Amino acid sequence: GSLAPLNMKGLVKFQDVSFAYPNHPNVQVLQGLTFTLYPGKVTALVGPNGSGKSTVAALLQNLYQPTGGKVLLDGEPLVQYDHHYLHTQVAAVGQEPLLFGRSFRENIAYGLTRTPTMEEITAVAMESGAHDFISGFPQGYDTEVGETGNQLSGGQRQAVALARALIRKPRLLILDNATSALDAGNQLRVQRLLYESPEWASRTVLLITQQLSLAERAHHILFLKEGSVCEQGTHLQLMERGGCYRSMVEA
Amino acid sequence: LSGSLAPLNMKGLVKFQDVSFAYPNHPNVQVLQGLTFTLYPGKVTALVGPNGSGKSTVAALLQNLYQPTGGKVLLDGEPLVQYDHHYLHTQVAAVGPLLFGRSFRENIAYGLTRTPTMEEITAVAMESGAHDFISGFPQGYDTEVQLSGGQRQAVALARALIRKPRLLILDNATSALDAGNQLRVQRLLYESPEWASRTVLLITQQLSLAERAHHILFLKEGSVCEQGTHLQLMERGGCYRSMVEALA
Ligand SMILES: Nc1ncnc2c1ncn2[C@@H]1O[C@H](COP(=O)(O)OP(=O)(O)OP(=O)(O)O)[C@@H](O)[C@H]1O
Ligand SMILES: Nc1ncnc2c1ncn2[C@@H]1O[C@H](COP(=O)(O)OP(=O)(O)OP(=O)(O)O)[C@@H](O)[C@H]1O
Ligand SMILES: [Mg+2]
Ligand SMILES: [Mg+2]
């Protein structure tokens, strides 16, 4: 399909979604999967290894389509949205991002549908915690970054990739173990970005992590087990119930 | 003298003595500077500190992937360069991707200087938390290597553990593991008799993991700012406490 609307809220709904990878049809990854990601909220997606969290992230980028049920963005099936329109409103960051371009400046601007100013580049780098280390180099943002950012440190890489996601001003930001290498100061910066920024209380965030301390301030938590939401709610609500989430935090 | 040592006995006592380092192709950036510490066998030593402080660089030097530009990296009192490269590979294992066209058993067995049994491979896979998902496949361990982030880390960990190295280096190696698997690995390192005599360097930004460590090294701008146990460092009121306070 062909949708590319001017205005977007960012309301995401999975409705009884099922999925198996195309070249492994008999292996159910997601099943009976239902949840809502509300606009301007941080929703955490947590659960055991192999439960399907990264697969959910992939469907949210329309990398694959559900085998059953519906994946909706503002009440419209995702598959109907323009490939490029989606690219502009949906941004995913993983644990080990590939950083294209020859310098920090090019790394951050890469993939953006326009030419940003250095002011804009600097702003998002300050938000992501990348600015300080970048500014420490003689050439600053024009310092050469080699072979897709593999000469940066683990956390420097994540900080740069996050800046690059932020400058797109996406309606849906997906963080998949994306801050696991950040130091405490930068992790704090990202907590402030997620929960104390005026821009991200209007945009919607899917936060996938094994570090449940990061998810405590989430507005909603989804606990995924064997491809479906076992339980969901706030940290305190889930802690009161005494189920999967409780057992994971206490462990 | 390079590559002449391969002793029958390795205590695994590691000493950095006044180590300096800049990467050969970026010589203007001093990464480590006057870096001194000791990793004792029978301890998990956590190496923590800000992004870019040089922690993964310390891991690379400990594998003899680069040489210090100043000072000494000693293993049982001898400079690392003096060990035979194959020998050092039997004694030192680092975990930080899997090999494309090989089976899971071949992936776990990879880098081992002998041929292990399926019982050997299964055992270590249960310890790392890779067993259940591998067993789920119809052909099991014979399946050719797609995996989740945590499953990949579990497989990479089993590969290192099966080498039974004297020095194990974990560089953010469990960041994708779930609570269950993270707990099992911790139990293995802190409770198993085999790891009780070995030396473990645990590099992590998850300060909770650093909390059980027998010793903690706080690295800042390529040098140790302070060190001790969690409870000692919390009392001192320095960089470590500031870091723990920021997260809390
Ligand atoms: N490209 C792929 N092709 C086939 N199977 C896949 C593919 N990617 C993932 N899988 C499988 O789908 C299941 C779900 O994987 P997924 O990566 O979504 O889990 P996860 O919850 O993100 O796990 P983790 O917490 O370890 O990251 C796993 O069993 C995995 O082996
Ligand atoms: N291969 C390389 N060539 C040149 N410089 C490098 C290389 N690898 C890392 N560096 C640089 O050396 C410095 C130390 O990086 P290192 O990865 O050792 O830090 P770290 O303490 O491991 O950081 P993090 O906590 O983010 O993982 C960084 O500023 C980094 O950009
Ligand atoms: Mg995943
Ligand atoms: Mg590192």
Side-chain angles (χ1 to χ4, degrees), chain A residues 35 42-54 56 95 175-177 179-180 182 184 187-188 190-191 194-195 206-215 217-224 226-239 241-245 247-251, chain B residues 44 46 48 126-133 148-151 153-154 157 170 172-192 195 200 202 204-214 216 229-231 234 243-246 248:
Chain A
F35 60 79
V42 178
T43 301
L45 180 57
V46 298
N49 295 138
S51 61
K53 301 183 299 297
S54 295
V56 170
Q95 180 167 221
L175 304 176
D176 191 354
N177 298 335
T179 71
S180 66
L182 294 188
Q187 200 74 255
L188 182 52
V190 173
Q191 293 286 292
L194 290 172
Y195 302 114
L206 182 62
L207 181 62
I208 300 164
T209 182
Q210 294 296 351
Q211 183 166 1
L212 301 330
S213 64
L214 304 183
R217 287 179 83 183
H219 296 93
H220 189 60
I221 306 173
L222 303 160
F223 195 99
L224 196 77
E226 301 175 27
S228 66
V229 177
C230 167
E231 52 191 40
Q232 63 185 302
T234 64
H235 172 79
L236 295 166
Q237 285 163 350
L238 288 166
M239 283 307 294
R241 86 200 288 97
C244 289
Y245 181 81
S247 299
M248 180 172 280
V249 172
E250 292 177 333
Chain B
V44 183
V48 304
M126 287 180 293
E127 294 176 334
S128 81
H131 179 263
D132 291 335
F133 89 84
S148 71
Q151 287 166 353
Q153 281 191 339
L157 187 67
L170 303 174
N172 267 54
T174 65
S175 58
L177 293 184
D178 62 29
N181 293 334
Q182 189 81 257
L183 261 62
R184 191 173 304 103
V185 170
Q186 291 267 106
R187 287 197 273 93
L188 179 73
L189 298 181
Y190 290 105
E191 294 171 31
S192 79
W195 288 102
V200 182
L202 173 71
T204 179
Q205 294 293 357
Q206 300 181 55
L207 267 43
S208 78
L209 296 180
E211 201 171 352
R212 194 172 185 181
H214 301 98
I216 301 170
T229 67
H230 173 79
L231 291 172
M234 290 298 288
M243 185 174 273
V244 171
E245 235 114 66

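So you know, we letter chains A, B, ... as the sequences are listed, proteins then strands, and number each from 1. The figures here come from the full heavy-atom set of this structure, side chains too, leaving out hydrogens, waters and symmetry mates.
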Open item on the list: Nearest 0.5 Å, please: how far is CG in B:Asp132 from CE in B:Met126?
Closed with: 9.5 Å
TODO: Check salt bridge (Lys or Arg N to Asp or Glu O under 4.0 Å) between B:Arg184 and all other residues, then give those that pass, not counting sequence neighbours.
DONE: none
Open item on the list: For A:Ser180, give me all partners under side chain to side chain donor-acceptor pair (under 3.5 Å), at least two apart in sequence or on another chain.
Closed with: A:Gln95, A:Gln158
Open item on the list: Quick one, A:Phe223 and A:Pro48 - any side-chain contact, counting heavy atoms below 4.5 Å?
Closed with: yes
- [ ] For side-chain contact (heavy atoms from CB on, under 4.5 Å), just list the numbers for B:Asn181 and B:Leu157, CA-CA rounded to whole Å, side-chain angles, deciding distance to a tenth of an Å, and then say yes or no.
- [x] CA-CA 11 Å; B:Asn181 293 334; B:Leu157 187 67; over 6 Å; no
- [ ] Would you please name every residue forming a side chain to side chain donor-acceptor pair (under 3.5 Å) with A:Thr43, sequence neighbours left out?
- [x] none
Open item on the list: Under the rule for side-chain contact (heavy atoms from CB on, under 4.5 Å), what residues qualify as partners of B:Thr204, not counting sequence neighbours?
Closed with: B:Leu202, B:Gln206, B:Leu209
- [ ] Verify, without hydrogens or angle tests, whether A:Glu231 (side chain) and A:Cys244 (backbone) share a donor-acceptor contact under 3.5 angstrom.
- [x] yes
Task: Gap separating the CG atom of A:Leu182 from the CG atom of A:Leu188, nearest 0.5 angstrom - done: 11.0 Å
Task: ring pair (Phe, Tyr, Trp, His ring centres under 6.0 Å) against B:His230, all qualifying residues, sequence neighbours excluded - done: B:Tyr240
TODO: Check A:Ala44 against A:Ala218 and note the closest heavy-atom contact, atom names and distance.
DONE: CB-CB, 3.9 Å
Task: Side-chain donor/acceptor of A:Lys53 to backbone N/O of A:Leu45, under 3.5 Å - done: no
Open item on the list: Applying side-chain contact (heavy atoms from CB on, under 4.5 Å) to A:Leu194 and A:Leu175, what does each step give before you reach the verdict?
Closed with: CA-CA 11 Å; A:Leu194 290 172; A:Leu175 304 176; 4.1 Å; yes
- [ ] Before giving the answer on side-chain contact (heavy atoms from CB on, under 4.5 Å), spell out for A:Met239 and A:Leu236 the whole-Å C-alpha distance, their side-chain angles and the decisive distance to 0.1 Å.
- [x] CA-CA 5 Å; A:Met239 283 307 294; A:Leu236 295 166; 5.5 Å; no
TODO: Might you point out which heavy atoms bring A:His220 and A:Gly233 nearest each other, and give the distance in Å?
DONE: CE1-N, 3.3 Å
Task: Donor-acceptor under 3.5 Å (B:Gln151 side chain, A:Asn49 main chain) - done: no
Task: Distance-minimising heavy-atom pair for A:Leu224 and A:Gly52 - done: CD2-C, 3.4 Å
Task: Gap separating the CZ atom of B:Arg212 from the OH atom of B:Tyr190, nearest 0.5 angstrom - done: 7.0 Å
Task: Donor-acceptor contact below 3.5 Å, side chain A:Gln210 vs main chain A:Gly47 - done: yes
Task: Pairing residues for A:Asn177 by the side chain to side chain donor-acceptor pair (under 3.5 Å) criterion, not counting sequence neighbours - done: none
